[PDB]
Each structure stands twice: as structure tokens, then as C-alpha cells.
Amino acid sequence: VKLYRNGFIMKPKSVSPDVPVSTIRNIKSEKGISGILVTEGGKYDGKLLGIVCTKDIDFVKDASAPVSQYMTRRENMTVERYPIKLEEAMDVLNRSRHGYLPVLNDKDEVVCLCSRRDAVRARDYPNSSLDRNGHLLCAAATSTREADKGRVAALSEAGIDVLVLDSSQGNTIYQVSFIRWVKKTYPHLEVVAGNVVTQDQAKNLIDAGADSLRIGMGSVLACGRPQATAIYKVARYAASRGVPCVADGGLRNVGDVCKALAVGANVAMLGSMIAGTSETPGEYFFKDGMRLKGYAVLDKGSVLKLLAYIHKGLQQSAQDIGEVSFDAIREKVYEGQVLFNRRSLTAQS
Amino acid sequence: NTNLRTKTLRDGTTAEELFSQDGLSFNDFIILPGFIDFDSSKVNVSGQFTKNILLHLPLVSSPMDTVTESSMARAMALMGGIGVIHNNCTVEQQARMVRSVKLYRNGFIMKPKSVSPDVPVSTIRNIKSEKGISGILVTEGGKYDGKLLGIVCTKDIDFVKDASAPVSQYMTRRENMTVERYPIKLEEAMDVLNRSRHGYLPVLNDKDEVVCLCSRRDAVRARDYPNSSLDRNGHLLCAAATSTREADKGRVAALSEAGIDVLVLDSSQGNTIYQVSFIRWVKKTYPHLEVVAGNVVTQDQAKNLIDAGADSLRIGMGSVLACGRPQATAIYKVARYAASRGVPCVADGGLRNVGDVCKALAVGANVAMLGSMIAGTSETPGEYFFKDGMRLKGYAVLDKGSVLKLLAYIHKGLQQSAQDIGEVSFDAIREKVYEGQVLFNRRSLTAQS
Amino acid sequence: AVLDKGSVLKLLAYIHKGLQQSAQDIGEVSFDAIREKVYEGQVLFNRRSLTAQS
Amino acid sequence: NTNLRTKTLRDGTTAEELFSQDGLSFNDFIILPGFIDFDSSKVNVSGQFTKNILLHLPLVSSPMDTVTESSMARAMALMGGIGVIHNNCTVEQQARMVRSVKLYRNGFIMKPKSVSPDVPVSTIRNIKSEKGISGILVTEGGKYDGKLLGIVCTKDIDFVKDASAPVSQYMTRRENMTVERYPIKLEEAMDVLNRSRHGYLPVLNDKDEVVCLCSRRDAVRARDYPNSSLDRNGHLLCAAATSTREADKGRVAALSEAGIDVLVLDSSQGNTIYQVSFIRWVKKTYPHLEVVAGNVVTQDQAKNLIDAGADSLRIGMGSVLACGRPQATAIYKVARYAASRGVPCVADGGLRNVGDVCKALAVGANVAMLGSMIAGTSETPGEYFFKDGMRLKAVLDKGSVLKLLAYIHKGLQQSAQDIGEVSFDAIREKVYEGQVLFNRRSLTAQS
Ligand SMILES: Nc1ncnc2c1ncn2[C@@H]1O[C@H](COP(=O)(O)OP(=O)(O)OP(=O)(O)O)[C@@H](O)[C@H]1O
Ligand SMILES: Nc1ncnc2c1ncn2[C@@H]1O[C@H](COP(=O)(O)OP(=O)(O)OP(=O)(O)O)[C@@H](O)[C@H]1O
Ligand SMILES: Nc1ncnc2c1ncn2[C@@H]1O[C@H](COP(=O)(O)OP(=O)(O)OP(=O)(O)O)[C@@H](O)[C@H]1O
Ligand SMILES: Nc1nc2c(ncn2[C@@H]2O[C@H](COP(=O)(O)OP(=O)(O)O)[C@@H](O)[C@H]2O)c(=O)[nH]1
Ligand SMILES: Nc1nc2c(ncn2[C@@H]2O[C@H](COP(=O)(O)OP(=O)(O)O)[C@@H](O)[C@H]2O)c(=O)[nH]1
Ligand SMILES: Nc1nc2c(ncn2[C@@H]2O[C@H](COP(=O)(O)OP(=O)(O)O)[C@@H](O)[C@H]2O)c(=O)[nH]1
């Protein structure tokens, strides 16, 4: 997730000259990156020798041939010398009509790499959630046991921006200790504690140092809480203390997501609603004349189209409510200017 | 962690407010979570069956002829609960079932089953097949207190082809038997039994007459069932049902002779003059007996039956007659009133899953009565049959397998629920519910989907 | 059309016995008594939630 | 292993006996297994769509306005089948769809899309988004044969914010272009294009005017779809439907100009004087066209339509409602009669799963027409929308038709394997010979 989008591509995937074309095809097929640099000994910081792109090997019949036979050789490559501002480098890339632009030191060793694909990703996805280095934001879940400490470190090395604690009932001493320890050891990390449904639980986990709370429990065990009430109560208390909340569960259509956001949740967690989209894990199969996903659910197509659909739905709902933002809706709900009506059981038909 | 466990915001609804409006069933509300600082294994689910009887496992088998006979009561007692032998039978049958339950587990086995030397092996096989006891003593004239002559065990007759042969032909003879002389402490006797690698150890007087008997099977039962509900003599606890008519007096006596520890009154509406008189008479005549009065659903009824001297109350009525009460409201109200007067209550009815049992115990019931939930387990009365490719029980219900596995499942479920609630015992849950520290939420009809 | 319920006399006796058993469970020996005690607040009720009717 | 494969006991029922009584559907019978000595990968499912057109994949997209337009026909032809563009449109729209299918894949592109230098970038973006072609040539006056001035590709305009700018500002200009001079063999031209690492190679005369254009995308399409149904010039095969009225004559002409290779007559009951006259007129006026007559269900209708000069027959009627025939019987009877006269048949209707398609092909059909089975795939006409959390187009989204066609392919292969023959031509022959046998299933025997 983190290295898909970059400005300057650090540690660019590179190979040695004797590598077979089969390896470059494998790189493109599994990991999906082109423009492989060919360097001294394949080290990502070695002397730049060449580059291998899509059109350089799409015609070759002997997949065992070395890339040096078909790579574009360094003397013929447009390159840049460190230092360079990303803005100038990407304008150079644009003017060059090429897909990639390496940046080298005085010894022709590979310092970094600019990809036109990143420019086009930025153009086609102008609202991407990004960190300060131009990478996509990524969160990761973990339990709060003692072993999971290791996990956290690893994820911190991988570059997660948010840690999310996984628990059906998050108001535990183990989770409080874990939040304290995470904020102490990895101050750069933000933690989403939970799960909770009462303002007690929220108090404990916010006192521990939680930066956000996951609301939901039950959306045979006799313990839980109706989800809309839980969201309103916990989100109100947390907002009084400056902490946003995530609605997690019972979110099955767009009206429910809009309602959950209006009554206090800042963001909404989607599980069932997006399960079976093309981007989820699992293999597709045909059965009974229906496309399904298995380790079953119905194919909903691209998650991108679904996200845009939900976006437009939330916008139209906010419009009908008469406010131009959902922060405004939350503020005016707490203020008593956005109003509701409880529906009798009959009125829901 | 009292700072972390103690709710000050108190975001939720207390039981008193929850049950202040219309009558509720268990699906109408849910329990809110608390604070966890312990593993679910450490949770104590015990509850009082009566003023004086605490059950490690707060579960009681219902006194229906389709649920509780000797076998079910034994299983319940072994898992830490108790069973109520149904009263749809003669006094003699009920007393025999009670005896089956009470003499299954012993320390010293009094009146050990014994036979005379001329008895055929067929008789010993019958004893093992019907009543399930081995290690039959062979004595003078078959009297259980006669001179000890020998012992007959499983391996002594499992190879014999002439079932008419006398046991004296194959019994282990007394001169070769490890025995003990009265007096002896049970501890020393059972250690001797262990060291001897044998299954049985008789205890005799100076005349070699049988005083009593120790069984290794009792040691292994104690090891495999460490939480068994026991009386002070090492026997399994047993309860028995009876109506409150005048004839049933006889029944009571018989059951008292059989050794019941709890008498349970059987009535759809227990707030009657006949039941009040019966409770008075039972407490007067058999002070050692504890009585579970009922059934009731209002605090009026509870007052009358507790004034009569009830040691516990069965709650439930309706879980075409127009009279009854939603079960959760009934449980909360009656259990609160009875607890104010020091009497525990049994939830009887409408208990169909583990969440309902947990809720019923949290809102005031000390123990829960199971009928439908355990009907069709291997230990209930009735014969198994195959039909439509399904195993069913008949005098129909689906086979649920062993009641022991089901009881352990319910135990683990109650423990996990108590953990999620944030209390390490159900007595604690009840106290904190009355205190307003365990909170609830009423669920709209829509919120139950 | 309707299903045969047999004699109305047997049905009336059935309803009679049912009313008697209900009054007994309620704890009053007459329905005039039940009405009086209902107005007096000594015969009590419980409203049933929609769930409690199952 | 002919000794092991050859049935002598012949425990089973032959097709002739099976279809000798009442009219059957596909669920009324099952095919008995034979002898296996091969992998399903080696099974040839190909079938004749017409007397002269063999399809690597015996699948035809139905000419319904909800199933087959240019995109569906392209997918079918690419996977080794073919599509029939529906006739629920004007003649010009149908001809445009046919042209799209025919000019999607080329060797030499003879009429390469061209623009004049003053055209805005927005127009090239529109071309790429609507028609899906890049490497637009910029020539004198925008004529596809004018003097070559430059070329516009993806990376030449992906960064510009002023969409009204002329292409002359950003195009790759002629002086810097790798080009070739007419004449040149396609083999050498495309190898040169490969070595050049570019996406396009114009071919010009001595006057620098555009003769034609080679596209790397065509090479890669040939590599990724080696079994595409193609004509002799490297274009995808395309069929188009038409009614048999007198006005439709015009329609036919237009389609002939657009380059269809097969005409398909649209009628619930094709044994009419109008259809006979239409077939005669088509074979006389446009001999290069092959005609699939229909629809028919009896051998009398087939006799008339074959005498008229039909190259293939569409089977199906009923798969108010008083006229028709159970589809499996119709297929067996008509396909047997037509095969006796050297005409293949298309199964049209009641084909709802892979077992049904396999049965229909085994009992005589050379190819099978797909309608419902492929409705709702990404390549069908219509817009997708969300409802009740399901995505629909109404029918449910089935994803890519290509993956579904591959699924059907593997299914037919595995079925043929279990039957014990390495091709469906062999299966049909052995069915007529009595060496592939069947069993009718009682109504209870169906579960
Ligand atoms: N900085 C560069 N200098 C010189 N040649 C380059 C440079 N970057 C890429 N190339 C070459 O451009 C030629 C065409 O690029 P190619 O199409 O193969 O991959 P791409 O630029 O990533 O775009 P796409 O994969 O979508 O076609 C290749 O031969 C490639 O080696
Ligand atoms: N106190 C004893 N002294 C001598 N022999 C004994 C004594 N108790 C039992 N035995 C004998 O031990 C032998 C083996 O015991 P046996 O297996 O038949 O029954 P068990 O001890 O109850 O165990 P199990 O029935 O499970 O096999 C028998 O011959 C039995 O008579
Ligand atoms: N014959 C040519 N001579 C010189 N430059 C060319 C020639 N053809 C294309 N180019 C240029 O090289 C690049 C063409 O890349 P390419 O043809 O692979 O683009 P495409 O077909 O639109 O798809 P993609 O680039 O994404 O693979 C552009 O910069 C283009 O101006
Ligand atoms: N050549 C090239 N490398 C890229 C591109 N995008 C990202 N990378 C880098 O390629 C690397 C992916 O391979 P790598 O992580 O080293 O292998 P792994 O250790 O098995 O996961 C990462 O270092 C990315 O940063 C690209 O577009 N072209
Ligand atoms: N020999 C033997 N007797 C046992 C054992 N366990 C219990 N008993 C006694 O065996 C007797 C069972 O038979 P009994 O009650 O006398 O016959 P009943 O009057 O028809 O019920 C009881 O007295 C039990 O106490 C055992 O393990 N071995
Ligand atoms: N520049 C270019 N032209 C192509 C390519 N593939 C097909 N064409 C041609 O582009 C033309 C597109 O149709 P056109 O007649 O220009 O538009 P229409 O009048 O609306 O049908 C066709 O003549 C195709 O032959 C390609 O890859 N690059």
C-alpha cells in the first residue's frame, strides 16, 4: 500500500544485467511495477546500466534472454542528477514523453526514481489520502496481547500511519496498557481504540491516550448495544474531549451511513457493504449462473464505483438536510438546528 | 482497578428504570459492557438454589417426565448443578429414582449390594446391566451385613459361558481379598485402595461381617467431576417435585426417607392456601428439608410463600388462560423482593438460549431451570428412534447428545458473558445491578434484527 | 362458510370452565368481585411488549 | 486404443431412439460416459457457424439489443467465437457498430484516424475515451492519406491543462518520427515497430503521404488472443442481423459495405416466401456473404431454407404460444437433416448452463447462441447501477464476458473428456453412428 504511490521512488526495484526477461515479466505480473532499473549487481543503489519497460520485452520469444540484450541502455536514457526538486523532475519527465526518470549522484549510482504513473495517479485521483511524503495512508489492525507488540514494531517499520486495535470489548486493562505503551514507544503512531459502545469505556480508552474510537458491539452473547444510540452517545462524549469516532457495524446501505455520520460518527467502517467487490481478497467463481467470491458473496464490481456512489449519496442527503458539510451537520445536530423524527413501527413501510 | 471499573458517567439504563414500564421478555433489552481485567476462566457463576444450598453451576433440570429422572439428576449434580425428579409417577418409583441419584456417589458405601454364594452369574450380569454397579460382595445369606465370603467384579465373569454357574465358582474368595477393619478414616481407606490397584475395598468388623465398602469408582468420579454438588456425606444432591394436596404428604415422607435435600412444589399458581399450609407443615415436620415454593410471578405471592417459610421461589407463569406475566419483568421484581428478605429465586421458563440464561441470572435469578433447552439429551427419559434421517426421542425432540457437553457449553457461555459485562462473578453482577453499576439498554423492536 | 364446531352446548360449557379456571388463577370467586377489585386496584395487570407476546 | 474406446456391448440408447417419441428438453436426457485417454486441455470444441466459417469457440452472441453491440461482438471474436449485431437500430448505427468491430483489429490500418494540426487536445481525448484508439496521425488537412506532420499518443497530452491547445504544440513531429516507406511486408514492418520500442509506425510513400499505419496494440492483441476469429485480412469476424422485408435490402447493402462476413435473418418463423426470396437475392447480389436462415424447428422448414441457399440454420421456437417445438428434439432433427445436406446449425434458445450447451452441441448443433447466459456481462449494452447492494444493468453483473467464455470453454472440454472424445465434431459423428449413447431420465431421476 505505502510504496504504490510515491513522489521520488526510494529503493527502486532494480536487477542485474544477466537477469532473464522472465523475471521482469514476473515482476510486472505479481507486483505490478514496470520500469525496472538494471544496475551494478542489481543493488538498488548501484551504478545505473539501463532500464526495462513494457515495450522492451513484450515482443521477445526467448524468456531466458538477459535483459541487457533488450534493455534501454544508460547512455541513451534521460536522467537527472541529485539534487533535484520533485516539481522540476516531474516537469522534465513530462517534457521527455518517457515513463520513468532516474536520479543519480556523481558516480552514476541510483539515488531515486520518478514515475509518470505517479503523475497520472495524482491526476486521476486528486483526493487520495496521502501522508506528508506523497504515499497513500495505510492502517493496520492488531490485538492487544503481549506478543502483538512485535507486530506493532513491524508495522511501524512498514510505515503504517494508524494502528487499529481489534477487540469485541475494548474496555480492558490489556488494551489500556497497550495504548499507553504504543503512544510511549511510537509517538508518531495514532491509535484507534475499541471496540466500545458506552461512554464508560470511552472515558477509559481516551484517558489511555486513544486518538479515535471504534463504536459497535452487536451489529449467544447478551452484551452489546443498539448501534445508533451507541454512536450518538459515545461520539458526543468523545467529541467533548476532542476525539473522533468510527461507526463499525450495521451499516448496510447509504441512508444508514448518512444517519451514522449525522448523529456523531466522523467516519464509517464498511465490511458487508463492500464485501465481494473486485478489490477484496478471494477467488471469483461461477455458480448457479452467478458470480461469487470465495476464500460466499455476490460480485459488486469495482469498489471505486461503489465509493463514488456512496459519495454522491452522502452529498445528496446532506443537501436535502440543508448543510454544505457533515462537520456542519454534526455541529448543528449538537446545537439542535438539525432535527429528527422517531418513526413508529408502522411508519417504516 | 476500581478507578477504571467504577462507572461515574453511568451511560446506560439501570434495571429499576428498565422494568418500570411494561412487562418485558429477555429479547427486549441488552446488557451494556463494563471493564475487563481478568480471563473468563476465572469467573464464578455459582448461585444459591436455596437459603442453604449453593450450586457451583446455577442450572436446575426441570421436573418434567420428559427431562429429569435418575440419570439426568445424576448428570446435573455431577456437573455442579442439580436435578428435580419429576412427580408423574408413584411414590415408590420417585423414591427409587431418588435413591439411584443419592447412592451413585459415596465415600463409604453403606448397605453394599451383596449376594449369597449360590447366586448365578446371570444375576451379577443383570445387576451390572440394570443398576450399573460392579464389585458385588458375596456374604452369608446374601445379607449386606453378613460374613464376607468373596467379591465378584467385571473380569471375574466376563469369560464364563454357563450363566447359571454359582458366583462362588468364579468369585474372588475372601482369604485372597484386601480388606480393612472398622474403624477407618475414609482418607486412609481410599489411599489403601489406591495403593492396592484394586477396584473395591470392604471394611469389616471383628466377626468378618461387612460394615461398609469403598469403591475406586468414587475416587475417579471425584477426580473427573471436581465440582459435583454434594451433601455433607459425599452423596450427590437431589431434589424432587410434589404437589401440595393432602395425599402428597405421604410422598414427602417417602422422598425424605430416600434422602432428598430439596423439596420442590409443583404448581402453575403457587400462591394458594394449600401451598402455604403445605410449606408450614413441611418445615414443621421435616426441618432438615429445604422447600422451593412456587410458581409465582408477582411480589404478592412471594410475600405469602416466604412468610410460610419457603427457602426459594420458582418464578414463571406463561413461559386459553389470560393470567401470567412476561418472564424477565417477573424475574426482576420477584427476585428483588425475595432478595430483600434473603431468599434466592429460580428462573423457570422461556429460557431457550444462553443469552437468555445470562440475562435471567443478571437481573436477579440465582439459578436457572432448564426444560426445553436440555430435552432430547442422552440423559433424559425416553427411547431413541430414527425417522426421516434424524435421531429423535419419544415416550418428539432432536438428539442434542450428552447433557454434560451442553452444561459445559452453557458454563463457558455464562463465563464469557460475565467477562464482557466486566464482573468476575454473578453474585457480583446481581449486587452491581441492584447498585446501578451494571447497566442495560432497552431495544426497540427494530433494534432486534 | 365455516367449520363444524359441533354442539354449542359443549362449547358453552367449555367457556364456562375456562372462565372459572381463569378467575381462580386471578384469586377471586366471582367476576363481579373481579370487576370491583379491578376498579379498586387490587386486581392488577401487566402490559406486554410486542416481544413478550411470543 | 480403439479396442478400449469402441463400444460393442453398446449399453445405452442412441440419439435416434431417444428423440423418436415425444419432444424433449435438455433435462430429459443425459449422455453416457465413454473412454478417456487424454487431457481436457486437448479437446477441440470448434464448430461450423456456416459452411465456410469455423469457430474455434462454438459460441455466438444473440442479436438482442440487450446483449450484442460492438463491444460484445469484439469480445466474442477475440475469444474465438463471433457476435451478431442486433438490428434494433437505424442502418447507419448498425453499420457503425460493424465498422467498429471490423476495424478494431488490423494488420495494416488503411484508414488511420487523422486530424489537422489545429485540432484541440480535447478532441484527441474524446477520440481515446469514446473510440479507444491512440496514435492519432496529424496530416495536411486531416485527410487519412495526407502529408504526415506528426503523431499524438497518450504520453504526449496526458499532462496538459489547457485542453483547447492545438495538437501542433504537443504532438511528436514528423521530422523526429520512425517511419517506413511503401511498399513493405507486414512481417518486416511489425518487427521494425517492435525493435523501435514505439507504439505506432506509419507507412508513407515517396511524397511523405500516409499510406497506412501499424499499431503495436495489434501485435499485443494477437499475442493475448491467439484464437481470435479472423478474416483473411486480419480483421475480426462480424455478423449482423436483419429482417427479410423489402426495405431491409438497403440495410443489407450497408452492412456489406461495413464488412460483415455473415448475415443472420431475424424471424420467429423463417419458413416464409419472403425469407426464401431474401436468401436467393442475398446469395445472388452479395455472393461473398454467408447467410444464417431461421428460425426453424422442423425438417420441412429446413428443406425450404436450404434449397433457397442458406449457409446455416438458426434452431429455436419457444425456448399465442400454440406453435413451436421442444428445443432438444428440434435441434437433433433439424441438425441431422441439415448435416445430411452439408449445412451446420445454430442452437438458439433454452441454453441456460454449460450442460445444456454441451448437450445441444452433442445432439447436432455445431455452435450455440448465447443470450441470457451472457446478459449482464460488462460487454453488454446498457448502464450499470446499484440497487439493494447488488449492481445491475435488468440483470445482475456477471463481470467480463471473456472470463465467462473461458469458463464455458473449460466446461465443454471437461464434458467432452468424460464422454470420451477429443473433439465435438467427433462427438456429433459418433452420436450419429451410435457409439456415443444417452439415457432418458425419468422425471424423478432429475434432481
Ligand atoms: N528515462 C528514459 N530514457 C530513455 N528511454 C526510456 C526512459 N524511460 C523509459 N524509456 C523507454 O521508453 C520506451 C517506451 O516505454 P514503454 O511503453 O515500454 O513503458 P512506459 O513508458 O512505462 O509506458 P507503457 O508501459 O504504458 O507502454 C522503452 O523502451 C523504455 O525503456
Ligand atoms: N479388595 C480386593 N481384593 C482382591 N481382589 C480384588 C479386590 N477388589 C477387586 N478384586 C479383583 O480384581 C480383579 C480385577 O478387577 P475387575 O477389572 O474385574 O473389576 P474393577 O476392579 O472394578 O475394574 P474394571 O471393572 O473397570 O475392569 C477381580 O478379580 C476382582 O475380584
Ligand atoms: N513512430 C514514432 N516515432 C517517434 N516517436 C513516437 C512514434 N510513435 C509514438 N511515439 C511517441 O512515443 C510515445 C508512444 O508510446 P505508446 O505508443 O506506447 O502510447 P499508446 O499506444 O497510446 O499506449 P501506452 O503509451 O500507454 O503504452 C509517445 O511519446 C509518442 O509521441
Ligand atoms: N523499478 C520500479 N520500482 C518501484 C516502482 N514503484 C515502487 N517501486 C519500488 O519497487 C520495490 C518493490 O520491491 P521490493 O519491496 O524491494 O521486494 P520485497 O522485499 O519482496 O517486497 C519497492 O522498493 C518500491 O519502492 C516503479 O514504478 N518502478
Ligand atoms: N457392591 C456394590 N454396591 C453399591 C455400589 N454403589 C452403591 N451400592 C449399593 O448397592 C445398593 C443398590 O441396590 P438396592 O438399593 O439395595 O436394591 P433396591 O432396593 O431394589 O433399590 C444400594 O444399597 C447401594 O448403596 C458399588 O459400587 N458396589
Ligand atoms: N491513428 C489510428 N487509427 C486507427 C487505429 N485503429 C483503427 N484505426 C482507424 O481509425 C478509423 C476510425 O473510424 P473513423 O472513420 O475515423 O470515424 P467514424 O466516421 O465516426 O466512423 C477507422 O477508419 C480505423 O480504421 C489505431 O490504432 N490508430
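Order of the sequence lines fixes the chain letters, A, B, ..., with proteins taken first and strands second; residue numbering starts at 1 for each chain.
Of the inter-residue distances, the one linking B:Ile36 atom CD1 with A:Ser167 atom OG reads 6.5 Å to the nearest 0.5 angstrom. Between the CZ atom of B:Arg443 and the CZ atom of A:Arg225 there is a distance of 13.0 Å, given to the nearest 0.5 Å. For the atom pair CZ (A:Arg342) and OG (B:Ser444), the distance works out to 6.0 Å, reported to the nearest 0.5 Å.
The 12-atom threshold is exceeded at NZ of B:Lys7, counting heavy atoms of other residues, nucleotides or ligands nearer than 6.0 Å. Shown here is A:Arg241, whose CZ atom has more than 12 heavy atoms of other residues, nucleotides or ligands within 6.0 Å.
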Practice prompt. Please assess B:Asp37 against A:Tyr174 for the test side-chain contact (heavy atoms from CB on, under 4.5 Å), listing each intermediate value before the final yes or no.
Written response: CA-CA 7 Å; B:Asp37 63 356; A:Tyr174 322 100; 5.5 Å; no
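Only the side chain of B:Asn1 comes within less than 4.5 Å of a heavy atom in chain A; its backbone stays farther off. Neither the backbone nor the side chain of A:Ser219 comes within contact range of chain B; no heavy atoms are under 4.5 Å apart.
Pairing each heavy atom of B:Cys358 with each of A:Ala222, the nearest pair is SG-CB, 3.8 Å. Here the closest heavy-atom approach between residue A:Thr172 and residue B:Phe35 is recorded as C-CE1, 3.7 Å.
When side chains are defined from C-beta on, A:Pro226 counts as touching B:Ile30, because their heavy atoms get closer than 4.5 Å. In this structure, B:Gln416 and A:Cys223 have side chains that are not in contact, with every pair of non-hydrogen atoms separated by 4.5 Å or more.
Contact tally against chain A (heavy-atom pairs below 4.5 Å) for B:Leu439, B:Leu4, B:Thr6, B:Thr8: the top residue is B:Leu4.
Remark: side-chain polar atoms of A:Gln199 are not paired, donor with acceptor, to backbone N or O of B:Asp11 under 3.5 angstrom. With hydrogens and angles ignored, the 3.5 Å screen pairs a side-chain donor or acceptor of A:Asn171 with a backbone N or O of B:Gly34.
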